[PDB]
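Notes to accompany the following structure.
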Amino acid sequence: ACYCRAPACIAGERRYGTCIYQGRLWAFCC
């Protein structure tokens, strides 16, 4: 499952681009 996270994905997850959330650049993590 994928979630938008800060400041980076939690280890074990892989990043698939970024997500602008509340106007902030976060990581899209699955």
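To be explicit about the labels: the chains of the structure tokens are called A, B, and onward in the order shown, and within each one the residues are counted from 1, while ligands get numbers from 1 in the order they are shown.
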Margin query: Using DSSP secondary structure from the backbone, list all strand (DSSP E or B) positions within chain A, as a PyMOL selection string.
Written below: chain A and resi 3-5+11+13+15-21+24-29
Notebook entry, point to check: Contacts of region 18-29 of chain A at 7 Å or less, counting only C-alpha atoms, minus same-chain residues fewer than 6 places along, as JSON, numbers by chain?
Noted result: {"A": [2, 3, 4, 5, 6, 7, 8, 9]}
